[PDB]
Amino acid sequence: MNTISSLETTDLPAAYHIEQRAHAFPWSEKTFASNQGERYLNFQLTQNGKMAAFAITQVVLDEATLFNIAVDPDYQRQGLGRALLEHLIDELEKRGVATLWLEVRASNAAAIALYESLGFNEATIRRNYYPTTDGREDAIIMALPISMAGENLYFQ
């Protein structure tokens, strides 16, 4: 059983624990605390009572930016990342948000392929943006159009 709900402040320790297990370049606790509040629309997915994934998204006017997403390694290939992204996308669409943006390490071919299947397009590349364990790698900035405009043609 999976449940998607708001990620609250008291959920941040559980999200931090996932981040340590899931990411090689993990966020610090202070970074997590910084990425919350009234501009955020943060979500968590819980499987059988345990947090399994989270997504941190800032919404500024009608544009949303995904700051971080992770799935706990005990829960990989179970569709949880998609489920959580689909939920986010749906909620953003309900709110009339125009675009969702994210940044991904160029070497993550699997995540890029998944994002493309959800409708994301490469917007731009940032050469050598990220550190690696060997040297540096590019960031791919991706964009997903969500909501349509409604004014259309004007008549008087």
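Position 1 is the first residue in the sequence shown; the rest follow in order.
Just going by the entry, 89-97 versus 64-72 on mean CA temperature factor gives the higher value to 89-97. In this entry, 125-133 shows the higher mean Cα temperature factor of the pair 51-59 and 125-133.
Residue-level inspection of the entry shows that, of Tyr115, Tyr40, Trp27, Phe43, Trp27 has the top Cα B-factor.
Split the chain's modelled residues into thirds by C-alpha temperature factor. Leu102 is in the lowest one. Among all modelled residues in this chain, the alpha-carbon of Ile141 has a temperature factor (C-alpha) in the middle third. In the PDB entry, a CA B factor belonging to the highest third of its chain's modelled residues is recorded for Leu12.
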